[PDB]
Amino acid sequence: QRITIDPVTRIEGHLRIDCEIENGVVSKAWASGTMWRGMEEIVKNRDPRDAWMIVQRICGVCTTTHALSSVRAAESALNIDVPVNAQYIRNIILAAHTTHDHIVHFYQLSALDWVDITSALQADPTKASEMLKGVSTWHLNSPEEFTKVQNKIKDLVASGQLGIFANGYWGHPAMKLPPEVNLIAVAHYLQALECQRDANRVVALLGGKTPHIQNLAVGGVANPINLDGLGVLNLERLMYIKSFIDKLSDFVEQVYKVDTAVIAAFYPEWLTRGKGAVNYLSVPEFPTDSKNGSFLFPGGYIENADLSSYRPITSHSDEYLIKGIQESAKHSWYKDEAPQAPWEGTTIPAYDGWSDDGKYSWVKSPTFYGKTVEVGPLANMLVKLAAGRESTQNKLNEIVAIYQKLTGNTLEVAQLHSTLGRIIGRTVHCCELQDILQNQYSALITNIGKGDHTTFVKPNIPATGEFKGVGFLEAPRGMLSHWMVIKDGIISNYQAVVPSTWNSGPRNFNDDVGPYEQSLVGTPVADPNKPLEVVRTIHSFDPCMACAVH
C-alpha cells in the first residue's frame, strides 16, 4: 500500500514523505519540500554587500550559515582576502552555532523516535544510574536527578495535557529501550537545553544576537577589536565569550557522545539500513590564514564508498569542486529542467501538482559530475577518516569503545553507511568542534596580543564587468554553496545549493534517486499507519526544508 507522512515533524520546515510498502517493507519513496519562498529572486538586483542579511533568512535553525556563505561568495567574486581576526570570529560563531544545532538535533528533534516517555515512568532511577557506571563521568546522572525528571513526566501525564508529547509512538514495537534507558534519555533531553543555550551565548557575544547574527560584512566582520576600548570587543568581552566556550565540553563528551553509543547498542540493526548514497562530499572548513585558506577541517570527495582513493579538497577555489556541481528540476516544480551550473541557474516556479512520475517537490536535484551525492556529517566523517585525520579516528574509536563495552561487539567502517552511522558522524563532528572553539579563541587572543586589531577590508565593486563568486561552507547538515554573479555592480544571479537540497532532492534528470529516497528502500514498517521506522531514517539526515528549497 501507499502511505503519506505529511507533515514530517521534528525537522525544520515543511516536508512530505510518501512510501510504497510491499510485504511490510518500503519498496519506493518520494521526498517533497512543500513550501517555497523564492529567496534567490528576492535577493536579486541588490548590492552584493546587502545579500548576506537577506539570505541568512533562508534558515533560522542553521542561522549563521547562509550569512557566512553569502559574504564568502561576494569575497570570492571580488577577490578579497579576509583578515585573519575576521576568520577567527567567523569560525568561533560557526563552531558554537553548530554545537547548539547538533545537540538540539539529537535530543529535541530525534530522540523521541527512539525513546518512549511512557516506558520511562516504569523505570527504577537507581538502576538507571547504575547502568552508566564506567560508561560516563557526567555529574548529573544520579538517581535523584532521574527521579526529579521522572516526576516531571509523571506530572505532565497526570495533567492529561501531553502537548508536544501527545500521540507519540509509545509502546510501538520498534521502541526497544528498557524503561531505565528511556528515563536516562529524557533526563539528557532536558539537560541538553542548557548546553545548547550556552553554545548560543558564544554566538550572541560575537554575532550581536542569535538567531540571525549581525556582525558580518563583505570584507570581514563588524566587531571592533580594542582591548582598551569601552563599548567594543575588549578583553572583558573576550573573557565572557571564553566562560561560555568552556561550559560546552563536558555535556558533549560525557552525555551526547555517550548517548550516541547507547542508542547504537540497543538498536544495532539500524547500522544495517538507511544507506542513502555511495558518493560523499564535504568541503574543508575553518580557514586560519590571511588568504581564505589553511582550514582546520579537511574536505574531499568519496566515490563508490572507496575511502582509499578519495579526492582531497583543500581550497574553496578548487576548480574540480566548482565545475562538478549542477542542479536539475526535471522532477521539481520549476520550468527549466536540464542540469544547470549554479552561475547559470534559474528558479522559475512551475507548480502543476503532485505526480509520482513527474514533478513532486520544490527541492532541486543536485549532482556532482552527474552523480547523486550525500552531504552532511556522515560525508564529513568519512572524508576525515579518508584523510587519516587522527582526531576523527580517535573520537570515533571512543564511541566504538563504549558500544563495545555495552554489546561485546565492535563497529567497522562498513557499518557507518547507515542511519546510525550518520548519527555517529554528527556526534563526532560536535565533539571535534569543541577543539575548534578552544583553538580559535586562543588564536584570536594571541593575534590581538601581537598588535593585530584588523577586522575589515572595505571592498570595491566595479560598476562594469561580470564577476562570478562562490562561497563554500561546511554547514551542520553538510556542504553549502552560494553562487553570486555580479554585473554592472549589482547581483544579476544568485543561486544557493544547500546541503538538504543534495540529500532531500527528488529524482534527477536521469531519474536517479537522491539520498532520502534511496535510504528508505528496505525499511521495515510494522504499522503502516504509524511509520516510525521511516521517520527514524529521515531524521538521521537532519532535514531542513527552508534550506532545501529557499
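Residue numbers here begin at 1 and follow the sequence given.
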Per the PDB record, is the mean Cα temperature factor higher over 190-198 or over 117-125?
117-125
Given the B-factors recorded for C-alpha atoms, which segment has the greater mean, 130-138 or 328-336?
130-138
Among 436, 414, 205, 216, the highest C-alpha B-factor in the PDB entry belongs to 414
Checking the record values for 97, 477, 453, 176, which has the greatest CA B factor?
176
Residue 43: CA temperature factor from the record, placed by chain third, in the middle
Using only modelled residues of the chain, where does the Cα B factor of residue 510 rank: lowest third, middle third or highest third?
highest
CA B-factor placement of residue 106, once the chain's modelled residues are sorted into thirds
lowest
For residue 548, return the chain-relative third of its C-alpha B-factor as stated in the PDB record: lowest, middle or highest.
lowest
Cα B factor band for residue 236 (lowest, middle or highest third within the chain)
lowest
